[PDB]
Structure formats: structure tokens, C-alpha cells
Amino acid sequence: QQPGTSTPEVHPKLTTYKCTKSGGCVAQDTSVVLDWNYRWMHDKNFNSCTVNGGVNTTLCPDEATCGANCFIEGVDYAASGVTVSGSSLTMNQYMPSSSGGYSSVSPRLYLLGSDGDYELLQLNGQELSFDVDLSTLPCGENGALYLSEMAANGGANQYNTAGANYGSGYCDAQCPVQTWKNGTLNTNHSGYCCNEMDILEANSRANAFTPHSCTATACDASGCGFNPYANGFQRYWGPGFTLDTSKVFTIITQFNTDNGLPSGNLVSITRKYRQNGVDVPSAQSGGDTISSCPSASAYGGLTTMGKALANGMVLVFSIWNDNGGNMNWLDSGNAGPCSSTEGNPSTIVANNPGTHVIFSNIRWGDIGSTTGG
């Protein structure tokens, strides 16, 4: 909980822009930081403080004790699957193993600001657009760009001076019990819930954008997702399809409010695509929009999402697969064209190692002001 001196932590800078209707786009000095749990933490004598996703009780009985004795280290970002250049960020599901195979480095990054706190994105009544390359992501792979209402300082406190510069304080709508819940040891082994907007969870075969609203207590773990295949338009998204996933494309997510201003109440989430210089038509007539969100209705639904988006959330980038489900909920069944088995990590690392997602040209701001005439 003090920054280690062995591996200096240098955050790779990723060029992002905030855009106004009248003032145009202004560049931000944003970087990316890899998640807390991916890091090695040790003693002053190089005895580790972590052991198997759980602290080493000999060294962290206390949180005061653990603040004093422990030092969390920097990261080889290229080794971790992360490579960055200009506005572009490439994330690799796998990296070569010295022992001959492929290690499954599964990066989770956050958008960090100049001050060393997370760059909070206020998106109620606002839009966020980026370009993506998911051509090399097959079934069962999750290239993900989302937001979470995590603390901007990552939860840093008197006993944790590392904080967001080391990816501290992750939370999501699945309320995960982290070994450090918001910057401090989870002695209680509690779960950390917070509102989570998923802009993209996708591969070249299927995709979904999901809002998950939360009370302070709990979350709508499975939100009111929007998958075009699952809504009937099965040959809309895919290689060669209306939106060609084999080439780069542009994703615009628009958070529409009743009064038109960030001050208002969130009433819809509209998704628009552009590729090959042209607006790609919506799957459903009159727009790919989320108005109704029944699942969230026990959590003040879709309105509380707008309040968290208005407060400002943390930008998260990720790529992963699950050994349990094969991501079948995303790309299989009536949600996509993949087999129940096809999505299994075994088949992936065999057939598509170095499957990777490329996020680029992230911009956010006034609606209509982030895309280009």
C-alpha cells in the first residue's frame, strides 16, 4: 500500500479527447493503469503480502500493519498484454509462455488522469464514441469497454498510498468480494457493488451493451442488455454483415436525458454505428435504443444509472473468457451463432491465440460533437 521501488510503475499514455459543440475537442493527458490484483506485492525483505488471492496473514493481520509492511510493484505492460500508441490501445487475451505454451494474461485497465486519480467520465446527457477492432476475437471471447462508479482516488487512504496508480478499488455490478475492498483490506470479506455501464461486451460474432443500476446495497447483476441477434436481427452483426466486424468500425453510445442537459434524468441509451464513412443503419427501425429496463426496476432503474453516469465513472478496458460458461450468454443460443462448446478457452488458445481487441479514438462529450462531419 506503498509504491514499490523495484519495478517503477509507468502508465502508458493513451490519447483521449473531450468534445464540446462550440469549443471542439480538447485532448486529455490520460493514461491506462493495470488492475490492483494483477500486481505483485511484497515485504521490505521481498516476502510477498499476497498468497493465492488472499493476503499473507503473517504480514497483514491489520490494515495498519499491512499499510506499513507492504509494497505493491509496477508492471511490464507489454508483458501484461497491453500495448499503446497514440490514441490506440491493443489488448491481448494471451501472451507467450517461457514454458512453451501461452499464459492467459487477461488485462483489466482503467483510464487514469494526470493527477494520479482516475479520470471520471460524466456521461449523463452526453455521448462516448470509439473505434474498435474485434476481427480477431472469436466465440467465447469478451472484448469489453465499460464504466464503473469507483472512487476516483481508487480508495486510497492513510494506510494505502498506492491507490489508483496501481488500479486500486475495483467494483462492478456483480459485487465482487475483492481482497482489498476499495483500498482497504476486506476483513469482512464483503462484496463491492457499484453502478456499471457496459458499452461494449463483444466479439466478432455477437455483442451487447448493458446498464446495471444499483442501490447502495446490491445491483441488478444481469441488466437489460441489448444484443441485436437476441432481438431478432441475426445477420446484422458479424463478418460481412450490415456492420462488418472483420474491419474496424465506430461505436457511438448516447445517453439521452429528458431535459436535454446533463442536469436531467436519463431516459434512453441510443447506439449508433459508423463504418466506411457512412452511418450504419440501426438493427431495429427507429434506432437501437434502450428505454425500458425492467430488471433494474428494483434499483430505481435506468434513472440511477443516469445519476451515476452524471456523478462520473471510471473507464474500464478488459478482455477475457470464462472456463465455466464459454461466454455462451453473449454469443450463443438465441444470443448468437456459436456452439455451446465452441466458446471454450481450450479451443480458443488452440485455434486463436493472440486473439486481441484494439480500442482507439476514445472521445466523449456533448451529443453529436464526438464523431466528425
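Numbering starts at 1 and runs along the sequence shown.
Participant: Please compare 143 to 151 with 263 to 271 and say which has the higher mean C-alpha temperature factor in the record.
Facilitator: Here the higher of the two C-alpha B-factor means belongs to 263 to 271.
Participant: For the stretches 170 to 178 and 203 to 211, which has the higher mean C-alpha B-factor as given in the deposited record?
Facilitator: Averaged over C-alpha atoms, the B-factors run higher in 170 to 178.
Participant: Going by the CA temperature factor in the entry, name the top one among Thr257, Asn188, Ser80, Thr90.
Facilitator: Each of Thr257, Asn188, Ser80, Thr90 was compared by C-alpha B-factor; the highest is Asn188.
Participant: Highest Cα B-factor in the PDB entry belongs to which of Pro281, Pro107, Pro96, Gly238?
Facilitator: Comparing C-alpha B-factors across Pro281, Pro107, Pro96, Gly238, the top value belongs to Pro96.
Participant: Could you place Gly277 in the lowest, middle or highest third of its chain by Cα temperature factor, using the values in the record?
Facilitator: Top third by C-alpha B-factor.
Participant: C-alpha B factor of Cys194, ranked within the chain: lowest, middle or highest third?
Facilitator: Tercile = middle for this residue's CA B-factor.
Participant: Comparing against every modelled residue in the chain, figure out the third that the C-alpha B-factor of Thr289 lands in (lowest, middle or highest).
Facilitator: Middle third - that is where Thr289 ends up once the chain's C-alpha B-factors are sorted.
Participant: Ranked by Cα temperature factor within the chain, is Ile72 in the lowest third, the middle third or the highest third?
Facilitator: Highest third.
Participant: Against its chain's modelled residues, does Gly113's Cα B factor rank lowest, middle or highest third?
Facilitator: It belongs to the lowest third of the chain when residues are ordered by C-alpha B-factor.
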